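Text of the file input29.txt, holding compact mmCIF, C-alpha atoms:
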# COMPACT_ATOMS: atom_id res chain seq x y z
CA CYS N 9 83.01 88.47 80.82
CA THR N 10 83.17 89.50 84.48
CA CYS N 11 80.76 92.46 84.29
CA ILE N 12 77.12 91.44 84.84
CA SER N 13 76.27 95.11 84.40
CA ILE N 14 78.08 98.41 83.97
CA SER N 15 77.51 101.68 85.79
CA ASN N 16 76.97 105.01 84.06
CA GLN N 17 77.49 106.97 87.28
CA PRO N 18 80.58 109.22 87.46
CA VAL N 19 83.36 107.95 89.72
CA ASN N 20 85.18 110.44 91.94
CA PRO N 21 88.86 109.89 91.01
CA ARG N 22 89.72 110.53 94.66
CA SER N 23 87.61 107.53 95.64
CA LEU N 24 89.24 105.35 92.98
CA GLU N 25 91.82 102.94 94.38
CA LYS N 26 92.51 101.17 91.09
CA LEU N 27 91.22 100.92 87.53
CA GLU N 28 91.74 97.85 85.36
CA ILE N 29 91.23 97.80 81.63
CA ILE N 30 90.69 94.38 80.12
CA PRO N 31 91.02 94.37 76.30
CA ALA N 32 88.43 92.54 74.22
CA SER N 33 89.44 88.89 74.02
CA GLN N 34 88.08 85.45 73.17
CA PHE N 35 86.71 84.96 76.69
CA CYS N 36 84.88 88.31 76.41
CA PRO N 37 83.79 90.17 73.21
CA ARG N 38 84.15 93.68 74.67
CA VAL N 39 86.63 95.79 76.61
CA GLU N 40 85.81 95.87 80.30
CA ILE N 41 86.74 98.71 82.65
CA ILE N 42 86.64 97.65 86.30
CA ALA N 43 87.05 100.22 89.03
CA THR N 44 88.09 99.25 92.56
CA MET N 45 86.88 101.95 94.94
CA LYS N 46 88.73 102.90 98.12
CA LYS N 47 85.44 103.11 100.06
CA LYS N 48 84.99 99.42 100.86
CA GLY N 49 87.07 97.78 98.14
CA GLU N 50 83.86 97.65 96.11
CA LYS N 51 84.25 96.72 92.45
CA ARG N 52 82.23 98.44 89.74
CA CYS N 53 82.34 98.23 85.96
CA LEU N 54 82.43 101.50 84.04
CA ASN N 55 81.16 102.24 80.53
CA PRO N 56 84.07 102.20 78.01
CA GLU N 57 81.80 104.17 75.66
CA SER N 58 80.61 106.75 78.20
CA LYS N 59 82.20 110.20 78.04
CA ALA N 60 82.59 110.37 81.81
CA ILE N 61 84.81 107.30 81.48
CA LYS N 62 86.75 108.39 78.40
CA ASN N 63 87.90 111.45 80.38
CA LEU N 64 88.50 109.63 83.67
CA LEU N 65 91.40 107.79 82.03
CA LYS N 66 92.63 111.05 80.49
CA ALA N 67 92.93 112.75 83.88
CA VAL N 68 95.19 109.93 85.05
CA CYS S 9 104.72 101.92 95.58
CA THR S 10 105.07 98.65 93.69
CA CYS S 11 107.03 99.83 90.67
CA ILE S 12 110.71 100.18 91.50
CA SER S 13 111.48 100.42 87.79
CA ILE S 14 109.37 101.78 84.96
CA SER S 15 109.70 100.78 81.30
CA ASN S 16 109.67 102.99 78.22
CA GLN S 17 109.38 100.00 75.90
CA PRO S 18 105.90 99.76 74.27
CA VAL S 19 103.76 96.70 74.88
CA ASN S 20 102.37 94.53 72.11
CA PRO S 21 98.63 95.25 72.51
CA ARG S 22 97.95 91.65 71.46
CA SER S 23 100.04 90.29 74.34
CA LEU S 24 98.15 92.48 76.83
CA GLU S 25 95.82 90.62 79.20
CA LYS S 26 95.03 93.74 81.22
CA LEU S 27 96.31 97.14 82.26
CA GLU S 28 96.00 98.43 85.84
CA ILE S 29 96.12 102.12 86.65
CA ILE S 30 96.70 102.99 90.29
CA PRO S 31 96.38 106.68 91.13
CA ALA S 32 98.74 108.28 93.64
CA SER S 33 97.84 107.84 97.30
CA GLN S 34 99.27 108.56 100.73
CA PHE S 35 101.17 105.31 100.28
CA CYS S 36 102.61 106.05 96.82
CA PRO S 37 103.14 109.64 95.50
CA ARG S 38 102.87 108.67 91.85
CA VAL S 39 100.42 106.92 89.53
CA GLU S 40 101.57 103.38 88.78
CA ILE S 41 100.65 101.59 85.56
CA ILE S 42 101.06 97.84 85.21
CA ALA S 43 100.48 95.74 82.17
CA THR S 44 99.86 92.02 82.64
CA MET S 45 100.76 89.89 79.61
CA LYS S 46 99.02 86.71 78.47
CA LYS S 47 102.10 84.53 78.79
CA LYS S 48 105.40 83.90 80.57
CA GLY S 49 104.06 85.32 83.83
CA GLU S 50 105.23 88.68 82.49
CA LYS S 51 104.11 92.00 83.95
CA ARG S 52 105.55 95.37 83.14
CA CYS S 53 105.38 98.68 84.97
CA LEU S 54 104.92 101.42 82.36
CA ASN S 55 105.92 105.09 82.27
CA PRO S 56 102.81 107.18 82.94
CA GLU S 57 104.77 110.24 81.83
CA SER S 58 104.99 108.61 78.42
CA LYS S 59 102.55 109.57 75.67
CA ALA S 60 103.48 106.29 73.98
CA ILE S 61 102.06 104.39 76.95
CA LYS S 62 98.79 106.16 76.15
CA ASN S 63 99.01 104.66 72.66
In structure tokens, how does this file's structure come out?
Amino acid sequence: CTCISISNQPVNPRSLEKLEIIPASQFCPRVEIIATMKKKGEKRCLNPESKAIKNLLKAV
Amino acid sequence: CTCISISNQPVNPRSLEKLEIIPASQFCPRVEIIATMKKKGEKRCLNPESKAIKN
């Protein structure tokens, strides 16, 4: 997997440049949500189980 | 904007490598959704205004 850790902090959708969802595969046993922030092109994994994340996708 | 065409044809979840969601910006007025498949170098821009795409 690419995520060494995942953040539980809410992401401001206005600061989000891109969000990539990577389905659970053979290379990685869990779904990974990677957010690319506008700020400084900083990547950050989000919690696919968190509620703050479940909604984030809904909004978009 | 990178999606000049958007598809209404559902993607086989098994063939999906990843899905990218790009919210609207000052460079592109709409949200763009792109699925990258596992083979054939295939990518597909999906209709965000499609409930099916949310399936």
Got a sec to pull out which chain N residues are within 12 Å of chain S, counting all atoms listed in the file, and send them as a ChimeraX atom specification? /N:20-36,39-46,64-68
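Here atom CA of residue 12 of chain S stands at a distance of 21.9 Å from atom CA of residue 47 of chain S.
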For atom CA of residue 14 of chain S and atom CA of residue 63 of chain N, quote the distance in Å rounded to one decimal. 24.0 Å
Long-range neighbours of segment 14-18 of chain N as a PDB file with C-alpha atoms, in the frame of the given file, 10 Å cut-off, all atoms listed in the file, 4 positions minimum in chain:
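Listed below is the output, out03.pdb:
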ATOM      1  CA  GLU N  40      85.810  95.870  80.300  1.00  0.00           C
ATOM      2  CA  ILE N  41      86.740  98.710  82.650  1.00  0.00           C
ATOM      3  CA  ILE N  42      86.640  97.650  86.300  1.00  0.00           C
ATOM      4  CA  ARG N  52      82.230  98.440  89.740  1.00  0.00           C
ATOM      5  CA  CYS N  53      82.340  98.230  85.960  1.00  0.00           C
ATOM      6  CA  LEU N  54      82.430 101.500  84.040  1.00  0.00           C
ATOM      7  CA  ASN N  55      81.160 102.240  80.530  1.00  0.00           C
ATOM      8  CA  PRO N  56      84.070 102.200  78.010  1.00  0.00           C
ATOM      9  CA  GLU N  57      81.800 104.170  75.660  1.00  0.00           C
ATOM     10  CA  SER N  58      80.610 106.750  78.200  1.00  0.00           C
ATOM     11  CA  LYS N  59      82.200 110.200  78.040  1.00  0.00           C
ATOM     12  CA  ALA N  60      82.590 110.370  81.810  1.00  0.00           C
ATOM     13  CA  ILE N  61      84.810 107.300  81.480  1.00  0.00           C
ATOM     14  CA  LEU N  64      88.500 109.630  83.670  1.00  0.00           C
TER      15      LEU N  64
END
